[PDB]
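Written below as structure tokens is the structure these notes are about.
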Ligand SMILES: NC(=O)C1=CN([C@@H]2O[C@H](COP(=O)(O)OP(=O)(O)OC[C@H]3O[C@@H](n4cnc5c(N)ncnc54)[C@H](OP(=O)(O)O)[C@@H]3O)[C@@H](O)[C@H]2O)C=CC1
Ligand code: SF4
Ligand code: SF4
């Protein structure tokens, strides 16, 4: 019967995540216990998976790394953690993963992606980028 | 041929011109000028006293059954003595045509309300009074819509600045939202975009 | 060569656009007969 | 040209009357709606597992503005101020002076992300493809001031997202 | 210290309870309400995260100012904020609510909802995509997670 | 609203904004349709009929839904005309007026569709008209998909 | 979808329709995200000759409105337009 | 050290030039003092000890950038230094009506005010405002009043 | 990216808060966002192309992905011709 | 010239008197309903000041138009259309006093 097949598929999901401990790990971290083909992994540790059988919008997903840029991300994960190269593959902007089609290499491009830094000492602070317009007269230092 | 340019329909132009002459003949007491735009739109210019008579004539079938008030609005041109140009847009479903009636007024001269003839002009006249300074006589209930309850000025008037004169903020001392004089952090940058060269010679005004 | 997002040659397939609310269920006599029969059996 | 909704007369035959009496007494239509809801219960839910799963986007997506550079590394913007003119919300403030090298560069380029309407203008106006709304959308801030971007912030965003932005422009530059 | 440990664990518990069950109020003025509903729509359904729309301000915990805040609407917005029990957080959605957006120079628009009520998270966009709003809500949840109310109480 | 999300995806593909796009401009359209969009619109439209049918199943014949709307908000045709009503409000009362047929603006003269007309001028009749208008919009969408011309998307 | 046959039968019977044929969720039927590069056609005015802007200048062909009557200086009754023709009931489905 | 020319009409966006650090701004008097500074457009460098949530109500009082929230430690003097470093005026409102376990009446009325005054002088703060009840006196029976008088003399 | 006497990182614009200025307080517990890459240095580093024609055209690279095409005159031996947009430098050989 | 409501200045004065009467008697009800902290006398003094603001007008039509506006404001206050904020906007409490002597203006700013 198909019910037995579904139960066995659940058992295969348990095995594929590395055992019961990995199954519980992914269940608590991501709330999803699906097993998919590992397309690749960024330098920061985020792992990217693809399951074309699942309907559009769930065919691609990312398991965020437990540690990025000196922050423990085992429980606190955010979308900004995705590096730009994998961002377009994840959001379906392109069908080609960065491993297959690497981005063009430029010197000015950042080598380490930073997540949203709001609420942190690294937060951006606005300031004027122009010098003083009017220069005041400097009084002479001699008494007269 | 000439794909870019908009096609012209002369038949509708002739029909609108003939109907405009019809309206001009029927009520010469009020109509001052009737013109047909080359995009096939008919405008009848009326003395302010004729708003109710001519509109009632248009609604009732003297070969004209304009029974729906498209929109009612004003255009404030400060140069003219009657700075406000009251504009009526009507649609006739029987004849699948629309005509426009336009009249003028001052800040101090009331214009008769058209609530009786159309009944859709209640809120339109209220909006005209709230934005522009035009007062409609015999209106069932003339009060402000789209402005704050205590708003003093009349916006859309070409004199009212876009940012207004007052600004609202919450004040903890009085535990209430309080108005204050406007003080913009970034002044709206006025751009002078008009080109020094004439664009349309067809509309060249006489040198005088 | 020109390549714009164009309909496929011959156009797309027909697209259903009318109510297809199906006709389902037994006739009223049948429903009443079933109900009364169940009631009679229960009573017995 | 026109179709009549309603405007239908029920049959008065005994079978039809019995059917309608059955519908009223036996709540048939309510049961049909219930069955529809049950079927939707057994259908697969459409929820995506955000943030682990992201919603689809096209290359033309309009998000966080990002100043770009030439491959050499020189900043593309050439202080044309065309963006400030088209800006429909006046969220772009540009100040320029001849730099030491003598090139026409912007001493100040501020995009107030609190006044911008994400119209997509400027991206379509800049003659040198300088300001280009990036793919990023998740740049919420805890304070208002963080959303008043500066030229340094825009250039940092461009450097951060250039890998994706160049690819998106490459995807869409032929349509423009 | 043991007392500090107990206080820290209790604060973790209360912060987890508050961030897991965030009840935003059904408050949408302008266009951004549509994207808010799309967040409530099945694709990005907020109920998975514990986010449930509850009409009552007294039964609500977060106010999402989704839309242009006009001068006429501002006193009502302040009133509904005040009637909302604490802890209360405000999320500003849309350029219009953040700083006035397209209608910043309008006579009838309050240039940002920060002027009327304090704001915790600003969601840029016009309209902010529903994913951006969900991201802002999760950022608010992390902000709650970082709160140290009981720790500060113990340090006094 | 799931279908609404898909239509927002179509908006995003053409213009880059899920809503409030600047696609339609004086002189035409800003950018031509990205390759592959039209067939995706075909895929969406071929199944949208089942969704709208399911909505009718939930609401059209429900006793409660009829009781809430069968005779509320009745407007006389002459009163509707005088008060300036337009669209369904007019057509619900039974007057036959649709600007798409009476005064076609762009290419509606080259498409075939039926204007839904009501008979009792109530909320339920307006509901019926809105649902039918959706169906006729699906028909118009099929027609437009089949006969999209090749060429420029903005005035030369 | 990935539903078992039993669940498919149950959902279809509850609907009264075959849900499997038309599934709201999207699968491989969607168009590929990456598409071959496009080549958009030029318009009518992309010509090297006989393309003087004077001929195709739409704006300069507009004129101020013609004044039919001005106060400041038998005949058959006329209407703004011919009366509208009565609409005809649709052939495809006259009554919903 | 930090002289600012007043500009504007004295409104919310105007620059009054009074860069101030209102200690105890979250207080009953602080709620109003900060409000007035903001409505004058005075840059207020608010030092806080509590959670930012409690300080959130002070945010609307000033315009964008006018109100800066910086955590300070009551005992540590470097926090006082960093919070008065660029201030031309420092206001001392650090009063606790009741006496806490960690902080006694002396701690909050002598050490803290004296530390603030001294560090303000080190940074070059032009003007300092201190608050002590009229009843507070060097012989006043209430311990907190006596500490307030001592702190006043030390300030 | 040089450092001002106050310790701030001077911007490519040359912006740095003076010790007297009170606006430095905004970075007290936060950071001043400065882009380390400076356009002037990078444009200087690029080698000068040598072309044997009196007039050359720079599109900035990538065709439509660059900047409007301009033609640069290289007659002057003393000074290299510089693209107004790209900033690349060209000169005739010898 | 077409009269709005009065053909002469006297008739406009009569209408002004009626409007003043109505505002005067409404003031205590406004104080009670809106829970304002001002006294009835204070509100009536503000009413008197507002009425004297328009005293210099010497045209009957302008007087009539002002009366119409006054009637609309009174209808708003009689209903609860205006909030407590709107009612207190007459009392410019938050706004700081603006000195009027030349020397103070010279000190404060460049404004004429
Ligand atoms: N009737 C009155 O109000 C009178 C007031 N005063 C003085 O006026 C000042 C302000 O009054 P008011 O605002 O009403 O007082 P509050 O008690 O309401 O607030 C005083 C402020 O002191 C701060 N504070 C207290 N202890 C410490 C500490 N150990 N470290 C850091 N901050 C601390 C509080 O911050 P937090 O809340 O976070 O602890 C609070 O902001 C006080 O100095 C008070 O003694 C004197 C005479 C009369
Ligand atoms: S997208 Fe924003 S910044 Fe760019 S032009 Fe439009 S309003 Fe201005
Ligand atoms: S930010 Fe944009 S979408 Fe949101 S309310 Fe303002 S105009 Fe509407």
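So basically every Cβ, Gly included, is an ideal-geometry build from the backbone, and we count neighbours across all protein chains shown. Laboratory data are not the source of any read-out in this text; all were calculated from the coordinates shown.
Is it the case, given these coordinates, that residue E:91 is within 8 Å of another protein chain (Cβ to nearest Cβ) and more than 16 Å from ligand 2 (Cβ to nearest atom)? It is false that residue E:91 is within 8 Å of another protein chain (Cβ to nearest Cβ) and more than 16 Å from ligand 2 (Cβ to nearest atom). For residue F:89, indicate whether it is more than 14 Å from chain B (Cβ to nearest Cβ) and either assigned to a helix (DSSP H, G or I) or more than 16 Å from ligand 1 (Cβ to nearest atom) (or both). So residue F:89 fails the test. In this structure, residue F:18 qualifies as in contact with a helix residue (DSSP H, G or I) (Cβ under 8 Å, 6 or more places away or on another chain) and facing another protein chain (nearest Cβ under 8 Å). The set of residues from segment H:26-60 being at the interface with another protein chain (Cβ under 8 Å from one of its Cβ atoms), more than 10 Å from ligand 1 (Cβ to nearest atom) and closer than 22 Å to residue E:149 by Cβ comprises H:53, H:56, H:57, H:59, H:60. When segment D:24-44 is limited to residues that are within 8 Å of chain C (Cβ to nearest Cβ) and buried (at least 17 other Cβ atoms within 10 Å of the Cβ), the one that is nearest to residue G:9 (Cα to Cα) turns out to be D:32.
Condition check for residue D:64 on (1) within 16 Å of ligand 3 (Cβ to nearest atom); (2) within 7 Å of another protein chain (Cβ to nearest Cβ); (3) at negative phi: one failure, at (2).
Considering segment F:21-30, and only residues there that are within 13 Å of chain G (Cβ to nearest Cβ) and closer than 18 Å to residue G:40 by Cβ, the residue that is surrounded by the fewest Cβ atoms within 10 Å (Cβ to Cβ) turns out to be F:27. Residue count for segment D:122-135 satisfying the condition of being within 19 Å of the chain's Cα centre (by Cα), surrounded by 21 or more Cβ atoms within 10 Å (Cβ to Cβ) and more than 7 Å from every other protein chain (Cβ to nearest Cβ): 6. Would you check if there is a residue in segment E:105-122 being within 11 Å of ligand 3 (Cβ to nearest atom), facing chain D (nearest Cβ under 9 Å) and over 18 Å from residue D:91 (Cβ atoms)? No, every residue in segment E:105-122 fails to be within 11 Å of ligand 3 (Cβ to nearest atom), facing chain D (nearest Cβ under 9 Å) and over 18 Å from residue D:91 (Cβ atoms).
Against the list (1) out of contact with any strand residue (DSSP E or B) (no Cβ under 6 Å at 6 or more places or on another chain); (2) more than 14 Å from chain F (Cβ to nearest Cβ), the condition residue G:67 fails is (1). Given the condition assigned to a loop (DSSP other than H, G, I, E, B), within 14 Å of chain F (Cβ to nearest Cβ) and loosely packed, with under 12 Cβ neighbours inside 10 Å, answer yes or no: does some residue in segment G:72-85 qualify? Yes - at least one qualifying residue is present in segment G:72-85.
Checking each residue in segment F:109-147 for being within 7 Å of another protein chain (Cβ to nearest Cβ), crowded, with 16+ Cβ neighbours inside 10 Å and outside any helix (DSSP H, G or I) picks out F:114, F:115, F:116, F:117, F:118, F:120. Set side by side, the residues I:67, I:94 differ, and just one is assigned to a loop (DSSP other than H, G, I, E, B) and under 19 Å from residue D:69 (Cα atoms), which is I:67.
Being more than 10 Å from chain G (Cβ to nearest Cβ) and crowded, with 17+ Cβ neighbours inside 10 Å is the requirement here; does residue B:80 meet it? Taking the combined requirement at face value, the residue does not satisfy it.
Residue by residue, here is whether (1) under 14 Å from residue A:124 (Cβ atoms); (2) away from ligand 3 (no atom under 16 Å from the Cβ); (3) within 7 Å of another protein chain (Cβ to nearest Cβ); (4) not in a strand (DSSP E or B) holds:
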site	(1), (2), (3), (4)
D:97	no, yes, no, no
D:137	no, no, yes, yes
D:155	yes, yes, yes, yes
D:160	yes, yes, yes, yes
D:165	no, yes, no, yes
D:175	no, yes, yes, yes
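Of all residues in segment B:28-43, those satisfying the criterion of being over 16 Å from residue B:14 (Cβ atoms) and in contact with a helix residue (DSSP H, G or I) (Cβ under 6 Å, 6 or more places away or on another chain) are B:30, B:31. When the strands (runs of 3 or more DSSP E) confined to segment H:59-154 are screened for residues that are farther than 23 Å from residue H:31 by Cβ and within 16 Å of ligand 2 (Cβ to nearest atom), none reaches at least 3 such residues.
Taking the listed residues F:55, F:38, the one that is within 19 Å of the chain's Cα centre (by Cα), more than 7 Å from every other protein chain (Cβ to nearest Cβ) and part of a helix (DSSP H, G or I) is F:55, with no other qualifying. The residues of segment E:59-72 that are within 12 Å of ligand 3 (Cβ to nearest atom) and within 14 Å of chain B (Cβ to nearest Cβ), listed by number, are E:65, E:68, E:69, E:70. Apart from one condition, residue F:11 fits all of (1) in contact with a helix residue (DSSP H, G or I) (Cβ under 8 Å, 6 or more places away or on another chain); (2) within 24 Å of residue E:128 (Cα to Cα); (3) in a helix (DSSP H, G or I); (4) more than 7 Å from every other protein chain (Cβ to nearest Cβ); the exception is (1). For the residues A:34, A:25, A:29, the requirement of being surrounded by 16 or more Cβ atoms within 10 Å (Cβ to Cβ), away from chain D (no Cβ under 12 Å) and not in a strand (DSSP E or B) singles out A:25.
The lone criterion from (1) buried (at least 16 other Cβ atoms within 10 Å of the Cβ); (2) part of a helix (DSSP H, G or I) left unmet by residue F:33 is number (2). For segment D:139-151, a tally of residues being in a helix (DSSP H, G or I) and surrounded by 23 or more Cβ atoms within 10 Å (Cβ to Cβ) returns 3.
Tell me which of these residue B:93 doesn't satisfy, since it passes every other one: (1) surrounded by fewer than 19 Cβ atoms within 10 Å (Cβ to Cβ); (2) within 14 Å of chain F (Cβ to nearest Cβ); (3) under 16 Å from the mean Cα position of the chain (by Cα). Result: residue B:93 fails condition (3) only. Considered as a group, the residues in segment D:80-89 that are in a loop (DSSP other than H, G, I, E, B) and either within 16 Å of ligand 1 (Cβ to nearest atom) or surrounded by 19 or more Cβ atoms within 10 Å (Cβ to Cβ) (or both) include one that is farthest from the other protein chains (Cβ to nearest Cβ), and that residue is D:87.
Only a single criterion out of (1) touching a helix residue (DSSP H, G or I) at 6+ places or on another chain (Cβ under 7 Å); (2) within 12 Å of ligand 3 (Cβ to nearest atom); (3) not in a loop (DSSP other than H, G, I, E, B) is not satisfied by residue E:34, namely (1).
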